[PDB]
Amino acid sequence: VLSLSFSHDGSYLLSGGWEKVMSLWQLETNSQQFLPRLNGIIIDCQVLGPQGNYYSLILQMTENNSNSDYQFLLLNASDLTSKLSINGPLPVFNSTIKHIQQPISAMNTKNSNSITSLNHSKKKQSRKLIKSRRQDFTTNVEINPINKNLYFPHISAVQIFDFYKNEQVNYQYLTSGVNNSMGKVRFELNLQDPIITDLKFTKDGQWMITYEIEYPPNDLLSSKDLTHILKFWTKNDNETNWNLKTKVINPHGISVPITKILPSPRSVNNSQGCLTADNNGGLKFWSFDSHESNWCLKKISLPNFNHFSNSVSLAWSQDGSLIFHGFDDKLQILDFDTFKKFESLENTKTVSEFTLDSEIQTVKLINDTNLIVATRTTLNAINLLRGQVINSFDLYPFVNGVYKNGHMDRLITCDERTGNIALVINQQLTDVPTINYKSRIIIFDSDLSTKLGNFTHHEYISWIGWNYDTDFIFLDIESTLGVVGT
Amino acid sequence: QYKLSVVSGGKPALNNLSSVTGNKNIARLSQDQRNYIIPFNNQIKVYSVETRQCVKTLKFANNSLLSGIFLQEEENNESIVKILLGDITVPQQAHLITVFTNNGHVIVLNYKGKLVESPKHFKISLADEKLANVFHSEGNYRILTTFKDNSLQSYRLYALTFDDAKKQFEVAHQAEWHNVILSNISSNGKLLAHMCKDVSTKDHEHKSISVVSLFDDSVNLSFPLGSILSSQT
Amino acid sequence: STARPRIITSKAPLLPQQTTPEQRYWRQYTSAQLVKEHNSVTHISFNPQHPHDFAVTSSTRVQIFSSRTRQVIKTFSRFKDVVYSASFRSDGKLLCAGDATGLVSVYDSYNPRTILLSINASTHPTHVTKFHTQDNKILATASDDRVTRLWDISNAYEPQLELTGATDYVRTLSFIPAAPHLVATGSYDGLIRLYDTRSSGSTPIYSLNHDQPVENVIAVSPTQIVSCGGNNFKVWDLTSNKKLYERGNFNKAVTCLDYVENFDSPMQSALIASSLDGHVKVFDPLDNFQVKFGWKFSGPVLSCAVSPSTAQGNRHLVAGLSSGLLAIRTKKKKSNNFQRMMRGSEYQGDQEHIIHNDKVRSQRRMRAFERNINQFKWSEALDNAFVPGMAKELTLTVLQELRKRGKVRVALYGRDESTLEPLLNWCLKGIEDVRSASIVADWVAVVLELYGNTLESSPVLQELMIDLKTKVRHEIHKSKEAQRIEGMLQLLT
Amino acid sequence: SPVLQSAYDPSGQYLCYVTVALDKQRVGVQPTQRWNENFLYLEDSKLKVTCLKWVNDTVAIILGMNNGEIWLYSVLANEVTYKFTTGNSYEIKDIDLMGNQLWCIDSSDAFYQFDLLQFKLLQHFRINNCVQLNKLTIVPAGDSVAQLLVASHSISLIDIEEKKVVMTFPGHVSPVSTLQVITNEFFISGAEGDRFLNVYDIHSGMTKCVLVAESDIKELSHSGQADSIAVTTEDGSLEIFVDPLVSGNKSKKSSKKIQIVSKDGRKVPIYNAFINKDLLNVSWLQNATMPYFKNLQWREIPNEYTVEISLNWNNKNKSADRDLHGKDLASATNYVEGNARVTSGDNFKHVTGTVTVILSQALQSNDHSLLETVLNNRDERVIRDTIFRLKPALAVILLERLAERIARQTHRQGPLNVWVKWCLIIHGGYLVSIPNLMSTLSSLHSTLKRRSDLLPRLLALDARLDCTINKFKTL
Amino acid sequence: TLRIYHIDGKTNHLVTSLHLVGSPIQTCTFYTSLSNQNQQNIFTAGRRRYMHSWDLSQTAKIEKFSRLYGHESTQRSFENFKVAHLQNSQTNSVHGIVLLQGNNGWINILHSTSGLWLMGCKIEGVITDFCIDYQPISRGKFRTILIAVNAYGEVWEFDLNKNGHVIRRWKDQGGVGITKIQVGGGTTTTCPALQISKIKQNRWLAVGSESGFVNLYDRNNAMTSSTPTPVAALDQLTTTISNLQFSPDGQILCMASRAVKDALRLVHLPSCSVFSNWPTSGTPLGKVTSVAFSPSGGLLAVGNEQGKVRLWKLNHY
């Protein structure tokens, strides 16, 4: 149990336990009334109205093991309806940040700790943050441009937010999970909800592309496969809830991750298509059927590479002629008309097989002339009309091993009209690397011609994008959203 | 050309540092059940309880004293621990708010309109051990403070009075207890309960519960969880 | 607070020939009833105005059937020999029949006891007779004399027009709904000619060749026509004067063909063709006459028809076989003191100021497995998952839902062999299925890993296991042969 | 109408209205500029307010009531300060005031003059040949107060120091309701239940003109210098006459007309509007008693006009917490699929005794029943002979049919597992020549791929099986 | 439909008109909190399990009580209920309560503002009616009494100041099957008070029933008798008794029958004398079905089957 409260009379007991239920214990006959589904476990409860009219309660939202996602709720005693709900944005971090501690439960699980377990986990987390160098905390964040709407792909859910008024407008489930259909109990805590790893929108904005991976319960023979699912939905501007239209089971075959996703622009098919890159180099292009209300596999390039490395990315030429593919230690340019190599009859050494030192993290074209590629050790800016390199800078002193693959892809972005803006993170240390992080955001333009502006921030920043209002949006470890703009 | 500024705030300022009180819902409703005051990590939001939307915002960065006190770029030690509806100094003004942070600060501000950029700032005395909680019956105030010397924590209880001078915050030093594992205070704010390990030292059972009245000494009772517990457990 | 999410049924990956809204609709064409006549039924035609009735030709006999009743409504037997053609007028009053005497009889519907008009065509037996569509008072006929005759009601004794220019055995002619003067005519030589009545007429405006004997000409659209003869059928366009398409997907010579448009359906327009097998096939001009549906009736069908667009009710589709079998597939569509004491509930609130409603709709009724799983009685939910009388797919869905939300162990702690077998009977029933084999493997593996020695103690479960081993070795062979299939397909690609 | 009496203040900033509630009359003052829940109740259900006059230092109202007395009532103090009684139990019939002088007609046909500063009855008074009277006014003769007007269906001008009548205007058939001096020598009289206002010239004792309303005239007001006169009309409207004192010229019609209509069509009446130069103020009853106000510019507004006002006529009670349907707003909406189509990543789209003649016929006309009956057989020599004497493309579409039937009924695939083998064996070269192998065997590929994917877990199951098998066979 | 009107002689006009869907209006009452004096709630129930509470301008604030924190098995519906004050008597806080019938004896007592299940008292046999009495104890304090009448004629007096305990018993002399009960003469439901000091013990008590009697007792002597004799046994209504209401000053008692047209009698007290001059034959009253007095002005409101409500005034007051 987590919260015990008494009525002003002393004849009612407000109890809130681990499972997402609120119990009214009427003491005399020892009866009870239940609120069974509250979108998160309930830490605390309290009565406010002098006659006992309002029930306030603090909710933990512990599904996000990285971020203890808090929420405040206020109930009419009359109808037991959620009179008031406040909730900040809920990012999904790659690790617990500063002091987020799993709440006390019977047994230490992936979402809970015992008591000796609580102390050991505290010491372990402190030692991990002191020792390790892999502090990424990079979170996928999307922006619907048609509404300037922030989208946080929470664990088996999506939080639709609006930074203009700093409020959460929506919380939508997408997976066939048991998040709200049922609580979670002592032994079932080891069972985890599906992780919707990927979410973006088409340039049209009407369609949202989602990729998730399924986790079967442990201690089973089939407890090894990670089922990969794609989904396309639709919402209009007159509603705020997406409706699923198309649902795809295990694309590119079984147990193959589809890590890299890229939408299509409005130029090619009015942005009704998508491209998917695997670690096996497979690139599948779907698009929406004209007569029929689903998509289909319009085009496919299906290599079969024995090795596997999820360090895969792709960029799209603004006219749709060619596709850059950053694969571990290799750059490719694929013609779109047939999914074959970029063959030039003139043979002016504008080849499509470029070797690079490390695994390629990002490849982004600022226009049809300038391409910036960020590999796990460095960054290089090159021309496209002529195969001539212009700029180069290092990531070994700073981006040495802090991140895994794709984190650079989700961090760094590019605006088609002001240039490129990058991110770097440091931490002040006093004699041990102190937890106090201190990062920099740097604005460039035209394949790093010069630094438009470097700005240091005294705390960590975990995500950067650009709202199409020509204003780049950055996040903090705490759910604070700031902007650099003109 | 390019300027940086914080826009949206999330995490409400939960007093997670205490971790001993079962009543850490600190955001409070007004004297009139019309609006709700909620302190975040970076601002304080006021909502009309019926329209449900934000009717007032109090951003620390935009404020001067709030920026200089709560928006320290080096330490996050100071966070709001209590909000109080009535003004501490003036008897029955209406749209006043008193704020107590982690470190003995008394901030008097006005919601429901334009926030004056000159808040009534005060600092309490004996701000050596931390401020854990504050509350009040009529007139007299009571402060719980977290004091330290086995990874356990002592709690010192003082009585707060004021209106002698603008800075004179008189502390009575009511009482003190040691190594409290868990503690809580009644909704009336007239009683508190807590446990300890002195009985663990003096017996086999690891804790005993003591309940104490605040503004009176009617209820002062200690008893063992050994007496409480059962043979089966 | 939130609501309880409804159970999410698990949808399988799409199987080939997915049930389109079309295929579904051509499946709700239902209620196929067979009736017997005494010769080969020749022609069938619905009544345009009030589509509630249709006329069928037979041996010296013309029968009017209803739509809701589907019974012989009207009887025509005043013929001497077998009738050949039957056609209604645009006004839905006069039906005209071409007989084997070379004299057609047209008279009002619902009055068989009157021969409202008997027009003598050529001495050779008359074959096909039709009304105008746009015009109310002109008739067209074709007989064995290889000449078509245009007739006005006023001159019943002399043909208003004598259209000629054919080769041999004129057997079909049709009117264009757009031009109230243009006419098409198909003879035994294919080669459908195109005449104008307002011109001289004796020479066609132009002809389009159907080499094999064309037996039907249908103006499907104001610009396109279909020539339906022989094995194949060619859809031509008049403005281009050339065949837009042609389909030869029929088995024997196509015997009948009709068209329906702008009616209550997922498909906007449909084209039916019966090809002497009971084989009726439904194409659609909007899909370039692509195969959409088909029925097969044993007797070789001679005529087919469909209820018109405005049937205002149950839809009908008839196939008359040469044996004389009409197959009709139909798709079907407290006292005064007490009233005074509760006489206000019907208000519905139209005039007052403020309207408020907090009603919640009654959802679909909740099944036993869903109920048991939601109130967490897991072993009972398993037992309901292995009750006999229910669907394999439903059992599949409940199995995955159970294994996902809960753990199969807790669903499977304390069974006896007597409640153990039904699980395994479902296993032996469905392991051969592709969709569930992995799940059944999971469940059988955990059940054995729990009940190892009880397998020994219980004798029957041992031979259940034995047959399970035999069938799973059979599936081993199937899967390995499938891997060999992988091999030579990868070779051939 | 629920408003018993109403009266504006000078400058048109406030109005006081007396209305009844459970048979006790309450007076209430309101501001008309943009509530005031303060009222004043009457203790006795039987005494009612008859005349009601504004007075501008504390702002006060004068209430001539049934009892026969005058209540001077200060509004800001919200209290009746003074009570002027007279020597009678009658009902005062009409009141008027100027400076410190107050004058009134009591229905006993008795004139009374009172002094406010001395709080005293200056003089009782009576006059001959005034038998019924219900209105009086006192001319704006400067500070002099002589020659005041009285009226009941016959307007009579009377001098006070001469204490006798002077001139007699023909009044109306009905008792006079409104009587107001616009300017010197010109005044308006408007009867009860009538549509005609008489514009009388005094010194002539003659009729200057007449104004015709559209219906019965309920109430009247006018601007300073006879430029504007607005009359509230009983069926509820505002008719304004503009410059009514200048040249079939005797009777003047309304110059402009103003109505108030709700959104849905219902017409809200008006009552006691006020006019100032280039500003018209309009009052109406919003709820059953609550009065609402508006201001407007009659000069700019056209000659006929309809003030629209929004009422919740058939309003839907929208609550912040209930969504558009079913659920609460804070309820995180769950996940549903509906009729969403499912498709995998391997389904490619937009990418002797033989039976040969029967196979070819069925494939040319894909009869499902015939194809089932002809695939029922399982004789391998016949399979080989057929596929040897079968067409290549016909065998290709045959393979597609086999694929779809294995998908529909995987149980049928047992004997059907060799049909595809013989097809590939005897027509491999045609498949090499065809360009789109995936496009022509996608269904086959899906079936065999899922079978191969089934393979390994199946073999693991076999190992677990024969493990426990041998285990309990030996024990 | 809830319609609220504003009341005069010549002009009663529609102040507001709310429309519920699928929730018939079987009972609906005003209510004011005594402490704050600014709640002004409206409570309504019908042949359903949910009762709507409307607070007191263009959108409505309406809640619905549908969950009984103890048990839903004691009552099939909310069609009948009443509202009353209640003092905590430990903390001198005064608040509304809601009173409900059940199936057999069950009487549910809920907190009005909060919807809690405060307590319950079970009366035996079949519940037919109950009523609310107040009793000032000292200055600033009172206690509330719930009177319940069983069909046979038994009357059970509970107090609610302390939790539900029978104060006493007594049986009505006669009244084989009672239909309605009603106390009156002081502060009550139809005559609410406006502060603590204004509560006065009722004086008269009426027990009315379908074979047409109304037994009228005086509290001052029934309380000591415990087997009381009615001060009068009125019989002027031949038919079922369906509405018994006292005047705000406890001098007039109205008896109304639902069955027959023109079925209202007024009785002057303590004379126990039916008023003779009213209603006359030509008193357009209809099949009376709802009656209520005015708080002060002696008005009388009576609504009939045809939907019309008529309003007289008792000129004396």
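Residues numbered from 1 in each chain as written, not as in the entry; some residues may be left out. Chains lettered and ligands numbered in written order. Part of a larger assembly, values for the part shown. Heavy atoms only, no water. Residues with missing side-chain atoms left out of burial classes, pairs and counts.

As recorded in the PDB entry, chain E goes by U3 small nucleolar RNA-associated protein 18 and comes from Saccharomyces cerevisiae. Turning to chain E, the UniProt record has this under Subcellular location: "Nucleus, Nucleolus". (UniProt positions renumbered as here; feature names shortened; annotations may be inferred.)

Chain C has the name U3 small nucleolar RNA-associated protein 15 in the PDB entry, where Saccharomyces cerevisiae is given as its organism. The record held by UniProt for chain C lists under Subunit the comment "Interacts with snoRNA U3. Interacts with MPP10. Component of the ribosomal small subunit (SSU) processome composed of at least 40 protein subunits and snoRNA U3. In the absence of snoRNA3, forms a complex with other t-UTPs. This complex can associate with pre-18S ribosomal RNAs." UniProt, in the comment section headed Subcellular location, describes chain C in these words: "Nucleus, Nucleolus".

**Regarding the sheet that holds strand β18 (residues 220-224) of chain B**
All names here are of chain B. Judged by pairing direction, the sheet is antiparallel, and its four strands sit side by side in the order β15-β16-β17-β18 without closing on themselves. If you trace the sheet from one side to the other, it starts and ends with β15 (183-185) and β18, each paired once. Averaged over all neighbouring strand pairs, the angle between strand axes comes to 10°, with direction disregarded. Taken together, the five bridges between strand β17 (residues 208-213) and β18 define a ladder with antiparallel strand orientation. Within β18, the residue paired with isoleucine 209 across the bridge is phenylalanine 223. (Pairing = 2+ DSSP bridges. Helix = DSSP H or I, 4+ residues; strand = E, 2+ residues; numbered from the N terminus. Axes fitted to C-alpha atoms, helices over the stretch in contact; angles between N-to-C directions.)

**Considering the interface of chain E and chain D**
Across the contact, 19 residues belong to chain E and 14 residues belong to chain D. Contact between chain E and chain D buries roughly 1,300 Å² in total, counting both sides, with carbon and sulfur atoms accounting for 48%. Inspection of the region where chain E meets chain D yields four residue pairs in polar contact. Looking at the side of chain E that touches chain D, the element that brings in the most residues is strand β2 (residues 13-20) of chain E, giving three residues. Here the side of chain E that touches chain D is built from residues that sort into seven nonpolar, ten polar and two charged. (Contact = heavy atoms within 4.5 Å. Buried area = accessible area lost by both parts, 1.4 Å probe. Polar contact = N/O pair within 3.5 Å; in protein donor to acceptor, adjacent residues only side chain to side chain. Nonpolar A, V, L, I, M, F, W, Y, C, P; charged D, E, K, R; others polar.)

**Section: the pattern of salt bridges**
Scanning the entire structure with this criterion turns up 41 salt bridges over all chains. For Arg341(D), the salt bridge goes to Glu292(A), with nearest N and O atoms at 3.2 Å. Note that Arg341(D) is positioned in strand β31 (residues 341-344) and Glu292(A) in the loop between β19 (283-288) and β20 (295-301), a pairing that runs across two chains. Under the relative-accessibility criterion, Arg341(D) is labelled partly exposed at 35%. A salt bridge links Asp462(D) to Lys469(C); its shortest N-O distance comes to 3.7 Å. Here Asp462(D), found in helix α8 (residues 437-474), pairs with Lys469(C), found in helix α10 (residues 459-492), and the two come from separate chains. With relative accessibility at 10%, the residue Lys469(C) sits in the buried group. The network of salt bridges with shared partners includes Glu157(E), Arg168(E) and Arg219(E). (Salt bridge = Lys/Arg side-chain N within 4 Å of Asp/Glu carboxyl O. Buried < 20%, exposed > 50% of the residue type's maximum accessible area, 1.4 Å probe, protein only.)

**Let's talk about the arrangement of the chains**
With eight pairs of chains in contact overall, the greatest share of contacts is found between chains C and D. Between chain B and chain C there is no contact; the minimum C-alpha to C-alpha separation amounts to 17 Å. In this view chain B stays clear of chain E, with the nearest C-alpha atoms of the two still 9 Å from each other.

**Let's talk about a nonpolar patch on the surface**
Together, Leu191(B), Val219(B) and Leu221(B) line one region of the surface with nonpolar side chains, adding up to about 220 Å² of accessible area. Under the relative-accessibility criterion, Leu191(B) is labelled partly exposed at 33%. (Patch = residues over 30% accessible without salt bridge, like charges linked within 9 Å, V, L, I, M, F, W, Y side chains within 5 Å. Areas by Shrake-Rupley, 256 points an atom, 1.4 Å probe, with all protein chains shown as cover.)

**Let's talk about the environment of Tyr403(A)**
Residue and element names in this part refer to chain A. Assignment of secondary structure puts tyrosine 403 in the loop between β29 (389-394) and α3 (407-411). With a relative accessible area of 10%, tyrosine 403 lands in the buried category. The sequence separation of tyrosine 403 and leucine 365 amounts to 38 residues, and the corresponding C-alpha distance is 22 Å. Aside from chain neighbours lying at most four places away, what touches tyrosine 403 is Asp136, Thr138, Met408, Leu411 and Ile425.

**Overview of unusual backbone geometry**
For the bond running from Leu269(E) to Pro270(E), omega is 0°, close enough to zero to count as cis. Note that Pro270(E) resides in the loop between β21 (264-268) and β22 (273-274). One non-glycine residue, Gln312(C), lies in positive phi territory at about 45°. In this structure, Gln312(C) sits in the loop between β26 (301-306) and β27 (315-321). A residue is classified by how much of its surface remains accessible, and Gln312(C), at 46% relative accessible area, is partly exposed. Here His350(D), not a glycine, exhibits a phi torsion of approximately 55°, which is positive. The residue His350(D) is located in the loop between β31 and α1 (356-364) in this model. Take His350(D): its relative accessible area is 43%, and that puts it in the partly exposed class.

**Some details on the nonpolar core**
By size, the foremost hydrophobic cluster in this structure holds 70 residues, and its most contacted members are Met51(E), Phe81(E), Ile107(E), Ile109(E) and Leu146(E). Residues in contact with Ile107(E), not counting those within four places in the same chain, are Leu100(E), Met119(E), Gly120(E), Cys121(E), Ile123(E), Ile127(E), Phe130(E), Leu146(E) and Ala148(E). Counting 39 residues, the second-largest nonpolar core is a separate cluster that includes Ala381(C), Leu448(C), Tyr451(C) and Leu455(C). (Core = buried A, V, L, I, M, F, W, Y, C linked by side-chain atoms within 4.5 Å.)

**Points about the interface of chain D and chain C**
Contacts between the two partners involve 58 residues from chain D, matched on the other side by 56 residues from chain C. For the chain D and chain C pair, buried surface summed over both sides reaches about 5,500 Å², with 62% attributable to carbon and sulfur atoms. The largest per-residue losses of area from chain D upon contact with chain C belong to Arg408(D), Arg451(D) and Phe472(D), which jointly make up 11% of the total buried on that side. Across the contact surface, chain D and chain C share four salt bridges. Counting the contacts that link chain D with chain C gives 15 residue pairs in polar contact. When residues of the side of chain D that touches chain C are traced back to their parent elements, those giving at least two are β30 (315-316), β31, α1, α4 (392-408), α5 (413-416), α6 (419-426), α7 (428-433) and α8 of chain D. In terms of residue count, the dominant contributor to the side of chain D that touches chain C is α8(D) (19 residues). Of the residues belonging to the side of chain D that touches chain C, the class tally is 22 nonpolar, 23 polar and 13 charged. In terms of strand pairing, strand β29 (residues 354-356) of chain C meets β30(D) through two bridges, oriented parallel. Within β30(D), the position partnered with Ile354(C) by the bridge is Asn315(D).

**Structural notes on helix α5 (residues 392-405) of chain C**
Residue and element names in this part refer to chain C. With 14 residues, α5 should cover 20 Å at 1.5 Å per step; its first-to-last C-alpha distance of 20 Å lies within 8% of that length. Across the 14 residues of α5, ten count as buried, placing the element largely inside the fold. Those residues of α5 that fall on the buried side of the exposure criterion are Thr395, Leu396, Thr397, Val398, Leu399, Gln400, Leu402, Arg403, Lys404 and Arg405. Elements in contact with the buried residues of α5: α3 (368-374), α4 (378-385), α6 (408-411), α7 (417-430) and α8 (437-450). (Expected span 1.5 Å × (residues − 1).)

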